[PDB]
Structure formats: C-alpha cells, structure tokens
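The structure under discussion appears below in the form of structure tokens.
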Amino acid sequence: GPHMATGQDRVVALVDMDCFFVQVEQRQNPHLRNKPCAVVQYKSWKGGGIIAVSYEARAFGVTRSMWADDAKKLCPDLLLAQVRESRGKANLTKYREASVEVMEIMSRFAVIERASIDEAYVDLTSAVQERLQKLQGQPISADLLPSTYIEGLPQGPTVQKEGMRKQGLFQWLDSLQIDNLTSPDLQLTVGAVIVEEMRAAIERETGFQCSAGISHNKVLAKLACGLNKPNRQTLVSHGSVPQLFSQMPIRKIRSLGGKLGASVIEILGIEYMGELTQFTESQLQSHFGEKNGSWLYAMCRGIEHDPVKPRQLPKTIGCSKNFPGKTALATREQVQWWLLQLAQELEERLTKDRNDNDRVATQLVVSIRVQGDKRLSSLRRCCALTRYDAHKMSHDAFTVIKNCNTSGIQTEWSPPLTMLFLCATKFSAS
DNA sequence: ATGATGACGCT
DNA sequence: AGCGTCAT
Ligand SMILES: Nc1ccn([C@@H]2O[C@H](COP(=O)(O)OP(=O)(O)OP(=O)(O)O)[C@@H](O)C2(F)F)c(=O)n1
Ligand SMILES: [Ca+2]
Ligand SMILES: [K+]
C-alpha cells in the first residue's frame, strides 16, 4: 500500500513526425500536398520500393515495403517522390537535415533523446514543475489542449470524432485536482499543454505535423502516441493502464514485437499485456531472465524506469548497400568500386559531422553478407579510423574483408557479396 | 528483390 | 570484439 511505488515520478513525452519522408517531399513540392502519395527508392525493379506513405494513400491499402508497381494497382492516382541517388545508391541527406530542423526546435523546450530520424523522447518533469509554479493553482482550460485525447475517456452515464475527443477532455479536466502541485494527473496535464506548444512550434517553424504521447515513462508515451494519429496527441494516465492493457496485444509494447514477445505468449499461454499481472516477479525471471523478468513485472503495471537519455545526435554514421539476386558482386574490382562509393559518401558525412558537432570517429566497422546466408550480416570486422579519407577507408575495409574470398582465382570474388556496409563509431570530442 | 539506416544486449 | 535483437 503506502510503500508500493507507482511509477508516477516523471512526465515523459514521445514526439513522432507523421509520415516523415512524405512530409519532407510535400513541403518541397506543393503539388504533392493533400494527395495520396508515397516516397520510393530506386525505380527499375518493379517501380521502386515504397518506404513512406501519406495517410490519404494508406486509406487505399498502400504500405511500406510494397513495390510501387503494386501500390499503383491499389491506388492508380498515387503520386510518388524518389529518394535522391548519389554514387549509385540511395542518399538520405535531405531527411537527416529535416530531422535536425525538428530536433533543434524540440531542444528549446527540454532535453531530448533522439530515438530515430523522426522520433524523440522528452523528459518534461522539470518544465512541468516550472509551469505549475507559474500557474499558481489556476485551472487548465480545454483551449490549452486543442488536439489532446485522454485515453479511456469519455466513459459512463454525439456521434462525431472531435465531439468524442472534447467530451473526454471535459471529463478529465472536470475531475482534476489543480490545488495539488504533486498530483501525477495534474503533472501529465501540464505536460500535455507543453507538448501542444512544442508541436505548434514545430509546425509553425518547419511546416511539419507530428503526433505525440504523454505519460509517465517511455513505453507508455510511445504506446499513447500511436493511439490517435495523425496530427493529434494522447495522454495515458497511470489509472488508464489496467483497462488499456486488458485488451492490448503483447506485441504492441516496445521490445515485445519480436521473438521475446512471441515466447511470452507461447510459454505463458496469454495474449494481452494485462494478463502478465498474474505472475510473480520470480516466475517471470525464471522464464525470461532476471532483467527481462523484472522489466515485464513492472511494465505490465504501467511502471518503467528507462531514462530519457540526453542525446540529440546519432552515435554512429553508417553507409550500406544491398546487392540482391543477380546483382551480387562477383569480381574483386566490383567490390573495390562499391567500397569506394560507400567510403566517399561516408567521408562527406563525417567531414560535415566534424564541422557541425566537434567530434571525430575513431573506429571503422566493415560488414558484408555472402550469397547463401540467411543472416542479415555474414561478417563484421573493425579497424582503426585515423583519417577522413575515402580511399584509405575503402582500402582498409578491403584489407579486413579480403580473406573472405573463397576463390582460388585472384580476380574473382566467391561467394558473391549481397551487402556492403561501412560504419563510423566511437566518437571523441575535438 | 525491400532497403538503408540506427540503438542496445549477450558472451 | 563479433554476433544478435528490435526498431525507424
Ligand atoms: N522500416 C522503415 C520504417 C521507417 N522508415 C523511415 O522512417 C520514417 C519514420 O518512420 P515511422 O515513424 O515508422 O513511419 P512514418 O512514415 O513517419 O508514418 P507515421 O505517421 O505512422 O509515423 C518514415 O518516413 C520512413 F522514411 F519510411 C524507413 O525507412 N524504414
Ligand atoms: Ca513517424
Ligand atoms: K517513428
């Protein structure tokens, strides 16, 4: 009872750009705005692979991974924008630079953790304490929360979507104890006000819309963010967790979408995250290990402690290209030419990074895949990265992979290579 | 023949 | 270090 921690100590938000690469292309080309459209890479093989999809196009069934030729069968008027191609490969620079625009706006409000090109976690605990002191116990108006959903409401004793949203918000705000400065529900609500302001600033200063989740930890914030997209935000309170989790498939929780979650389902014979509450901590640790078991015991009760790490920049800078089916590299000269292409893009991104961010990479990771393996990587080897020079990096990568060549002939490469990857890691300040 | 990324855990 | 898992 009085000593049972409830995981209500932080206010954490997750901000996610809606269909991000599509928004970047629609900002640049107004002809694409408010249309079914997608971003594709390459074009020769079946129209290119779709990597991002506008919500108008999702209504027709267009998804990521689809070939554009097939997407066109579902949506004949689908508009397409192509990823830039440089040195024979996809170049994502435009989207990395757009992400920096958004991340720098977010950093004005709070320290952020860059989770991906288009996602950032925000720890709002301190910002919320300050805003509460500025209020001094004045109520929070619904006008301060114009795009916020309160998960689980309305409830209890209109048929339109915005009407539903406002009924739920009204019930939430009418129940709020605004005199208690340490009420977790109040803290979440103030967090949501700040996230409304953050999202307004992102849209004003970049043109990009996003969704967001606000809760007490990263897993609940990510789950919340997904509940109402696009261009909306959702508050998931601690009290909403039992009902929410009672029908939540286990695979929807971050880190449980793969083999571990499938094993939770198979071993325990359950389907929903709330069903985990019926096991002891020791039972869960016995099945899934000490760390995973403790994590599952707390997480199915809405409790998680993973911190929002203060990190706005990526930790690695990598360049990779697949060579599928018949295009697999079968000669020494082919392998050197593509290693050089990758190393030239890498050198350009590293030089830009060292000028912008005052750091240098010190380790070069080289990874390859051979025709036949089912694993995404067949071999990974590191060497020293001492100069930002593409010819040296490609020579060193070749040196650390050249003994993989099964061929007895010097000029041939067997088994042919279906993937090349160069990654700069282990940054030091400079 | 999805592809091109990127973070973190295990041993 | 090198390999694997999970995710955008
Ligand atoms: N497998 C993937 C997943 C994503 N992305 C790239 O990562 C970006 C963001 O990934 P997101 O958040 O998962 O999906 P969204 O497009 O933003 O759509 P939503 O509104 O539902 O958030 C994509 O634009 C991308 F461009 F598509 C990718 O390259 N490969
Ligand atoms: Ca997104
Ligand atoms: K995302």
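Labels for the structure tokens follow display order: chains A, B, ..., residues from 1 in each chain, ligands from 1.
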
(request) Could you pull out the residues sitting within 10 Å of ligand 2, using only C-alpha atoms (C1' of nucleotides) and all ligand atoms, and write them as a list in words? (result) residues 15, 16, 17, 18, 19, 20, 21, 52, 116, 117, 118, 119, 209, 210, 211, 212, 225, 226, 229 and 230 of chain A; 8 of chain C

Writer output for current selection, N, CA, C and O atoms (P, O5', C5', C4', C3', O3' and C1' of nucleotides), as a PDB file, in the first residue's frame:
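Result saved to out23.pdb:
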```
ATOM      1  N   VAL A  15       7.493  12.280 -29.254  1.00  0.00           N
ATOM      2  CA  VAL A  15       7.040  13.033 -30.418  1.00  0.00           C
ATOM      3  C   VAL A  15       7.464  12.270 -31.657  1.00  0.00           C
ATOM      4  O   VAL A  15       8.631  11.860 -31.778  1.00  0.00           O
ATOM      5  N   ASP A  16       6.520  12.080 -32.583  1.00  0.00           N
ATOM      6  CA  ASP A  16       6.769  11.311 -33.815  1.00  0.00           C
ATOM      7  C   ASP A  16       6.236  12.106 -35.003  1.00  0.00           C
ATOM      8  O   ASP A  16       5.046  12.366 -35.041  1.00  0.00           O
ATOM      9  N   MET A  17       7.117  12.452 -35.940  1.00  0.00           N
ATOM     10  CA  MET A  17       6.652  13.101 -37.167  1.00  0.00           C
ATOM     11  C   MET A  17       5.714  12.178 -37.948  1.00  0.00           C
ATOM     12  O   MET A  17       5.981  10.991 -38.105  1.00  0.00           O
ATOM     13  N   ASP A  18       4.572  12.702 -38.367  1.00  0.00           N
ATOM     14  CA  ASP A  18       3.682  11.932 -39.228  1.00  0.00           C
ATOM     15  C   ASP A  18       4.329  11.724 -40.588  1.00  0.00           C
ATOM     16  O   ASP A  18       4.916  12.651 -41.147  1.00  0.00           O
ATOM     17  N   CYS A  19       4.187  10.506 -41.121  1.00  0.00           N
ATOM     18  CA  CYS A  19       4.745  10.066 -42.406  1.00  0.00           C
ATOM     19  C   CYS A  19       5.918  10.919 -42.876  1.00  0.00           C
ATOM     20  O   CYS A  19       5.813  11.613 -43.891  1.00  0.00           O
ATOM     21  N   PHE A  20       7.049  10.837 -42.173  1.00  0.00           N
ATOM     22  CA  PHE A  20       8.013  11.939 -42.188  1.00  0.00           C
ATOM     23  C   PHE A  20       8.603  12.197 -43.580  1.00  0.00           C
ATOM     24  O   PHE A  20       8.626  13.345 -44.035  1.00  0.00           O
ATOM     25  N   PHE A  21       9.117  11.160 -44.268  1.00  0.00           N
ATOM     26  CA  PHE A  21       9.766  11.434 -45.551  1.00  0.00           C
ATOM     27  C   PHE A  21       8.764  12.020 -46.554  1.00  0.00           C
ATOM     28  O   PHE A  21       9.118  12.887 -47.372  1.00  0.00           O
ATOM     29  N   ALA A  52       7.701   5.260 -47.434  1.00  0.00           N
ATOM     30  CA  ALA A  52       6.835   6.093 -46.598  1.00  0.00           C
ATOM     31  C   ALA A  52       5.562   6.418 -47.373  1.00  0.00           C
ATOM     32  O   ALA A  52       5.594   6.541 -48.596  1.00  0.00           O
ATOM     33  N   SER A 116      15.068   8.085 -33.229  1.00  0.00           N
ATOM     34  CA  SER A 116      15.214   7.704 -34.622  1.00  0.00           C
ATOM     35  C   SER A 116      15.238   8.988 -35.446  1.00  0.00           C
ATOM     36  O   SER A 116      15.155  10.085 -34.896  1.00  0.00           O
ATOM     37  N   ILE A 117      15.338   8.849 -36.773  1.00  0.00           N
ATOM     38  CA  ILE A 117      15.313  10.046 -37.657  1.00  0.00           C
ATOM     39  C   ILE A 117      14.073  10.920 -37.413  1.00  0.00           C
ATOM     40  O   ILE A 117      14.131  12.107 -37.652  1.00  0.00           O
ATOM     41  N   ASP A 118      12.988  10.304 -36.967  1.00  0.00           N
ATOM     42  CA  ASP A 118      11.717  11.079 -36.884  1.00  0.00           C
ATOM     43  C   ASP A 118      11.034  10.957 -35.512  1.00  0.00           C
ATOM     44  O   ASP A 118       9.874  11.367 -35.405  1.00  0.00           O
ATOM     45  N   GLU A 119      11.755  10.469 -34.508  1.00  0.00           N
ATOM     46  CA  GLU A 119      11.156  10.274 -33.172  1.00  0.00           C
ATOM     47  C   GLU A 119      12.098  10.792 -32.093  1.00  0.00           C
ATOM     48  O   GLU A 119      13.298  10.537 -32.183  1.00  0.00           O
ATOM     49  N   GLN A 209       3.857  18.394 -39.394  1.00  0.00           N
ATOM     50  CA  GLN A 209       2.938  17.971 -38.343  1.00  0.00           C
ATOM     51  C   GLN A 209       3.464  16.718 -37.655  1.00  0.00           C
ATOM     52  O   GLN A 209       4.179  15.917 -38.254  1.00  0.00           O
ATOM     53  N   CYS A 210       3.092  16.530 -36.389  1.00  0.00           N
ATOM     54  CA  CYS A 210       3.532  15.330 -35.698  1.00  0.00           C
ATOM     55  C   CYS A 210       2.423  14.877 -34.773  1.00  0.00           C
ATOM     56  O   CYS A 210       1.487  15.628 -34.472  1.00  0.00           O
ATOM     57  N   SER A 211       2.574  13.658 -34.276  1.00  0.00           N
ATOM     58  CA  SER A 211       1.749  13.170 -33.176  1.00  0.00           C
ATOM     59  C   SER A 211       2.606  13.025 -31.926  1.00  0.00           C
ATOM     60  O   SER A 211       3.831  13.067 -31.983  1.00  0.00           O
ATOM     61  N   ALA A 212       1.955  12.862 -30.769  1.00  0.00           N
ATOM     62  CA  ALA A 212       2.738  12.712 -29.553  1.00  0.00           C
ATOM     63  C   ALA A 212       1.965  11.906 -28.525  1.00  0.00           C
ATOM     64  O   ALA A 212       0.730  11.880 -28.542  1.00  0.00           O
ATOM     65  N   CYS A 225       1.261   7.675 -28.103  1.00  0.00           N
ATOM     66  CA  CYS A 225       1.431   8.397 -29.362  1.00  0.00           C
ATOM     67  C   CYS A 225       0.730   7.672 -30.504  1.00  0.00           C
ATOM     68  O   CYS A 225       0.094   8.308 -31.366  1.00  0.00           O
ATOM     69  N   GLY A 226       0.798   6.341 -30.495  1.00  0.00           N
ATOM     70  CA  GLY A 226       0.152   5.581 -31.571  1.00  0.00           C
ATOM     71  C   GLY A 226      -1.379   5.545 -31.542  1.00  0.00           C
ATOM     72  O   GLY A 226      -1.984   5.088 -32.521  1.00  0.00           O
ATOM     73  N   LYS A 229      -3.510   9.068 -34.450  1.00  0.00           N
ATOM     74  CA  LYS A 229      -2.667   9.686 -35.477  1.00  0.00           C
ATOM     75  C   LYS A 229      -3.551   9.907 -36.694  1.00  0.00           C
ATOM     76  O   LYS A 229      -4.567   9.256 -36.798  1.00  0.00           O
ATOM     77  N   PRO A 230      -3.197  10.873 -37.541  1.00  0.00           N
ATOM     78  CA  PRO A 230      -2.082  11.824 -37.432  1.00  0.00           C
ATOM     79  C   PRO A 230      -2.451  13.122 -36.735  1.00  0.00           C
ATOM     80  O   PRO A 230      -3.632  13.401 -36.489  1.00  0.00           O
TER      81      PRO A 230
ATOM     82  P    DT C   8       9.160   1.257 -34.572  1.00  0.00           P
ATOM     83  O5'  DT C   8      10.409   2.059 -35.209  1.00  0.00           O
ATOM     84  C5'  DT C   8      10.730   3.389 -34.744  1.00  0.00           C
ATOM     85  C4'  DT C   8      11.650   4.191 -35.648  1.00  0.00           C
ATOM     86  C3'  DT C   8      10.947   4.988 -36.744  1.00  0.00           C
ATOM     87  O3'  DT C   8      11.576   6.254 -36.896  1.00  0.00           O
ATOM     88  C1'  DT C   8      12.540   3.545 -37.733  1.00  0.00           C
TER      89       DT C   8
END
```

(request) Hey, list the chain C side of the contact with chain A: 8 Å cut-off, only C-alpha atoms (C1' of nucleotides), answer as a ChimeraX atom specification. (result) /C:2,5-6,8

Write the selection just made, keeping C-alpha atoms (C1' of nucleotides), as a PDB file, in the first residue's frame?
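Dumped to again12.pdb:
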```
ATOM      1  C1'  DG C   2      31.792 -10.091 -33.034  1.00  0.00           C
ATOM      2  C1'  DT C   5      17.527  -8.478 -31.488  1.00  0.00           C
ATOM      3  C1'  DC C   6      14.441  -4.886 -32.122  1.00  0.00           C
ATOM      4  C1'  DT C   8      12.540   3.545 -37.733  1.00  0.00           C
TER       5       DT C   8
END
```

(message) If the cut-off is 7 Å, can you tell me the residues of chain A near chain B, counting only C-alpha atoms (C1' of nucleotides)? I'd like them as a PyMOL selection string.
(response) chain A and resi 49+65+320+324-325

(message) as JSON, numbers by chain, please: the residues near region 176-183 of chain A (cut-off 9 Å, only C-alpha atoms (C1' of nucleotides), same-chain neighbours under 6 positions excluded).
(response) {"A": [129, 132, 133, 136, 137, 138, 139, 140]}

Filtering to C-alpha atoms, could you give me those residues as a JSON list (two decimals), in the first residue's frame?
```
[["chain", "number", "residue", "atom", "x", "y", "z"],
["A", 129, "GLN", "CA", 7.24, 21.92, -12.20],
["A", 132, "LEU", "CA", 2.92, 24.73, -12.36],
["A", 133, "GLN", "CA", 4.65, 27.42, -10.29],
["A", 136, "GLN", "CA", -0.28, 29.21, -9.03],
["A", 137, "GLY", "CA", -3.35, 26.96, -8.96],
["A", 138, "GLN", "CA", -5.36, 28.46, -11.83],
["A", 139, "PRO", "CA", -7.35, 25.78, -13.69],
["A", 140, "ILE", "CA", -6.25, 24.43, -17.05]]
```

(request) Find the residues around residue 415 (chain A) up to 10 Å (only C-alpha atoms (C1' of nucleotides) counted), leave out those fewer than 4 positions away in its own chain, and share them as a VMD selection string. (result) chain A and resid 328 to 330 369 to 372 404 to 407

Save the residues we just selected, N, CA and C atoms, as a PDB file, in the first residue's frame?
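Saved to selection07.pdb:
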```
ATOM      1  N   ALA A 328      24.615  -9.373 -57.299  1.00  0.00           N
ATOM      2  CA  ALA A 328      25.635  -9.644 -56.291  1.00  0.00           C
ATOM      3  C   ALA A 328      27.037  -9.539 -56.877  1.00  0.00           C
ATOM      4  N   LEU A 329      27.950  -8.960 -56.097  1.00  0.00           N
ATOM      5  CA  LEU A 329      29.277  -8.625 -56.601  1.00  0.00           C
ATOM      6  C   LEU A 329      30.146  -9.876 -56.726  1.00  0.00           C
ATOM      7  N   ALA A 330      30.685 -10.107 -57.923  1.00  0.00           N
ATOM      8  CA  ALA A 330      31.390 -11.345 -58.233  1.00  0.00           C
ATOM      9  C   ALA A 330      32.829 -11.139 -58.679  1.00  0.00           C
ATOM     10  N   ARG A 369      27.835  -9.430 -46.438  1.00  0.00           N
ATOM     11  CA  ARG A 369      26.910 -10.577 -46.487  1.00  0.00           C
ATOM     12  C   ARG A 369      27.228 -11.318 -47.779  1.00  0.00           C
ATOM     13  N   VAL A 370      27.283 -12.646 -47.660  1.00  0.00           N
ATOM     14  CA  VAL A 370      27.609 -13.512 -48.788  1.00  0.00           C
ATOM     15  C   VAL A 370      26.345 -14.224 -49.248  1.00  0.00           C
ATOM     16  N   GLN A 371      26.315 -14.558 -50.534  1.00  0.00           N
ATOM     17  CA  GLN A 371      25.151 -15.216 -51.112  1.00  0.00           C
ATOM     18  C   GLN A 371      24.951 -16.590 -50.489  1.00  0.00           C
ATOM     19  N   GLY A 372      23.807 -16.786 -49.837  1.00  0.00           N
ATOM     20  CA  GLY A 372      23.519 -18.058 -49.202  1.00  0.00           C
ATOM     21  C   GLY A 372      23.097 -17.945 -47.750  1.00  0.00           C
ATOM     22  N   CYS A 404      37.987 -13.151 -46.870  1.00  0.00           N
ATOM     23  CA  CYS A 404      36.719 -13.851 -47.024  1.00  0.00           C
ATOM     24  C   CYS A 404      36.577 -14.481 -48.397  1.00  0.00           C
ATOM     25  N   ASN A 405      37.346 -14.017 -49.380  1.00  0.00           N
ATOM     26  CA  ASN A 405      37.227 -14.526 -50.736  1.00  0.00           C
ATOM     27  C   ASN A 405      37.621 -16.001 -50.801  1.00  0.00           C
ATOM     28  N   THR A 406      36.632 -16.866 -51.047  1.00  0.00           N
ATOM     29  CA  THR A 406      36.880 -18.298 -51.198  1.00  0.00           C
ATOM     30  C   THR A 406      37.639 -18.605 -52.484  1.00  0.00           C
ATOM     31  N   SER A 407      37.452 -17.778 -53.517  1.00  0.00           N
ATOM     32  CA  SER A 407      38.015 -18.024 -54.840  1.00  0.00           C
ATOM     33  C   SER A 407      39.503 -18.342 -54.783  1.00  0.00           C
TER      34      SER A 407
END
```

(request) Report as a PyMOL selection string: the residues of region 2-210 of chain A with a DSSP assignment of strand (DSSP E), based on the backbone of this structure. (result) chain A and resi 12-17+37-41+49-53+79-82+85-86+89-90+112-116+119-123+148-150+210

Go ahead and dump the residues you just picked, N, CA and C atoms, as a short mmCIF file (atom, residue, chain, number, x, y, z; two decimals), in the first residue's frame.
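out_24.cif, freshly written:
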```
data_model
loop_
_atom_site.label_atom_id
_atom_site.label_comp_id
_atom_site.auth_asym_id
_atom_site.auth_seq_id
_atom_site.Cartn_x
_atom_site.Cartn_y
_atom_site.Cartn_z
N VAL A 12 6.96 12.08 -19.25
CA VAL A 12 7.74 11.74 -20.44
C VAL A 12 6.83 11.84 -21.66
N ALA A 13 7.35 12.42 -22.74
CA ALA A 13 6.61 12.51 -24.00
C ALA A 13 7.41 11.84 -25.11
N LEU A 14 6.69 11.34 -26.10
CA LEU A 14 7.29 10.83 -27.32
C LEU A 14 6.66 11.58 -28.48
N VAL A 15 7.49 12.28 -29.25
CA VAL A 15 7.04 13.03 -30.42
C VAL A 15 7.46 12.27 -31.66
N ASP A 16 6.52 12.08 -32.58
CA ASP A 16 6.77 11.31 -33.81
C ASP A 16 6.24 12.11 -35.00
N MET A 17 7.12 12.45 -35.94
CA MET A 17 6.65 13.10 -37.17
C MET A 17 5.71 12.18 -37.95
N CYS A 37 0.14 9.92 -51.70
CA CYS A 37 1.48 9.95 -52.24
C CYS A 37 2.39 9.14 -51.33
N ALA A 38 3.50 8.72 -51.93
CA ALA A 38 4.47 7.88 -51.24
C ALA A 38 5.87 8.26 -51.69
N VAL A 39 6.85 7.88 -50.86
CA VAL A 39 8.27 8.03 -51.17
C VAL A 39 8.81 6.66 -51.52
N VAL A 40 9.57 6.59 -52.61
CA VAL A 40 10.08 5.27 -53.09
C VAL A 40 11.60 5.45 -53.31
N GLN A 41 12.31 4.33 -53.19
CA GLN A 41 13.73 4.34 -53.52
C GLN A 41 13.99 3.33 -54.62
N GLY A 49 10.89 0.54 -54.37
CA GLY A 49 10.34 0.09 -53.11
C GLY A 49 9.75 1.27 -52.36
N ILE A 50 8.53 1.11 -51.86
CA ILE A 50 7.90 2.19 -51.11
C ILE A 50 8.45 2.19 -49.69
N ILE A 51 8.87 3.35 -49.20
CA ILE A 51 9.37 3.45 -47.83
C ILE A 51 8.52 4.34 -46.91
N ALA A 52 7.70 5.26 -47.43
CA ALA A 52 6.84 6.09 -46.60
C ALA A 52 5.56 6.42 -47.37
N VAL A 53 4.44 6.57 -46.65
CA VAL A 53 3.10 6.61 -47.26
C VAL A 53 2.25 7.68 -46.57
N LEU A 79 0.71 9.45 -56.11
CA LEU A 79 1.84 10.27 -56.54
C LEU A 79 3.09 9.76 -55.83
N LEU A 80 4.24 9.89 -56.49
CA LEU A 80 5.49 9.37 -55.95
C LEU A 80 6.58 10.42 -55.97
N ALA A 81 7.39 10.43 -54.91
CA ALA A 81 8.64 11.17 -54.88
C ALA A 81 9.77 10.18 -54.66
N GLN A 82 10.88 10.35 -55.38
CA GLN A 82 12.00 9.42 -55.28
C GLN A 82 13.09 9.94 -54.36
N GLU A 85 19.59 9.78 -55.44
CA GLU A 85 20.58 8.75 -55.68
C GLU A 85 21.91 9.45 -55.93
N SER A 86 22.95 9.05 -55.19
CA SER A 86 24.28 9.63 -55.33
C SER A 86 25.30 8.50 -55.28
N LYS A 89 23.74 4.96 -55.16
CA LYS A 89 22.99 4.44 -54.03
C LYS A 89 22.05 5.51 -53.48
N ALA A 90 21.06 5.06 -52.71
CA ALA A 90 20.16 6.00 -52.06
C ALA A 90 20.93 6.90 -51.11
N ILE A 112 16.31 16.25 -25.08
CA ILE A 112 15.65 15.23 -25.88
C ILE A 112 16.59 14.04 -26.04
N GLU A 113 15.99 12.88 -26.27
CA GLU A 113 16.69 11.68 -26.71
C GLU A 113 16.25 11.39 -28.13
N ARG A 114 17.18 11.47 -29.08
CA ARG A 114 16.89 11.15 -30.47
C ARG A 114 16.73 9.64 -30.59
N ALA A 115 15.50 9.18 -30.76
CA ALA A 115 15.27 7.75 -30.84
C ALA A 115 15.40 7.24 -32.26
N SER A 116 15.07 8.09 -33.23
CA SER A 116 15.21 7.70 -34.62
C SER A 116 15.24 8.99 -35.45
N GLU A 119 11.76 10.47 -34.51
CA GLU A 119 11.16 10.27 -33.17
C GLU A 119 12.10 10.79 -32.09
N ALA A 120 11.54 11.48 -31.11
CA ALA A 120 12.35 11.94 -29.98
C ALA A 120 11.58 11.80 -28.67
N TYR A 121 12.27 11.33 -27.63
CA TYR A 121 11.65 11.31 -26.29
C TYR A 121 12.01 12.61 -25.60
N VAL A 122 11.12 13.09 -24.73
CA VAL A 122 11.25 14.34 -23.99
C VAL A 122 10.99 14.02 -22.53
N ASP A 123 11.91 14.42 -21.64
CA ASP A 123 11.62 14.40 -20.21
C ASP A 123 11.12 15.78 -19.80
N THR A 148 -5.65 17.24 -27.94
CA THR A 148 -5.30 16.22 -26.96
C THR A 148 -6.46 15.25 -26.75
N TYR A 149 -6.15 13.95 -26.77
CA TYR A 149 -7.08 12.90 -26.39
C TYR A 149 -6.69 12.39 -25.01
N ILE A 150 -7.69 12.08 -24.18
CA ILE A 150 -7.44 11.46 -22.87
C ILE A 150 -7.84 10.00 -22.98
N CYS A 210 3.09 16.53 -36.39
CA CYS A 210 3.53 15.33 -35.70
C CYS A 210 2.42 14.88 -34.77
#
```

(message) I'd like the interatomic distance between CA of residue 246 (chain A) and CA of residue 274 (chain A), to a tenth of an Å.
(response) 4.8 Å

(request) Between A:151, A:110, A:222, A:75, single out the one closest to ligand 1, counting only C-alpha atoms and all ligand atoms. (result) A:222

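In this structure, CA of residue 44 (chain A) sits 25.1 Å away from CA of residue 346 (chain A).
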
(request) Could you tell me how far CA of residue 323 (chain A) lies from CA of residue 419 (chain A), in Å and to one decimal? (result) 5.6 Å

(message) Write out as JSON, numbers by chain the set of residues from region 161-398 of chain A that DSSP, computed on the backbone, places in alpha helix (DSSP H).
(response) {"A": [161, 162, 163, 164, 165, 166, 167, 168, 169, 170, 171, 172, 173, 174, 184, 185, 186, 187, 188, 189, 190, 191, 192, 193, 194, 195, 196, 197, 198, 199, 200, 201, 202, 203, 204, 205, 206, 218, 219, 220, 221, 222, 223, 224, 225, 241, 242, 243, 244, 245, 246, 259, 260, 261, 262, 263, 264, 265, 266, 267, 268, 281, 282, 283, 284, 285, 286, 287, 288, 290, 291, 292, 293, 294, 295, 296, 297, 298, 299, 332, 333, 334, 335, 336, 337, 338, 339, 340, 341, 342, 343, 344, 345, 346, 347, 348, 349, 350, 351, 352, 353, 354, 355, 356, 357, 390, 391, 392, 393, 394, 395, 396, 397, 398]}
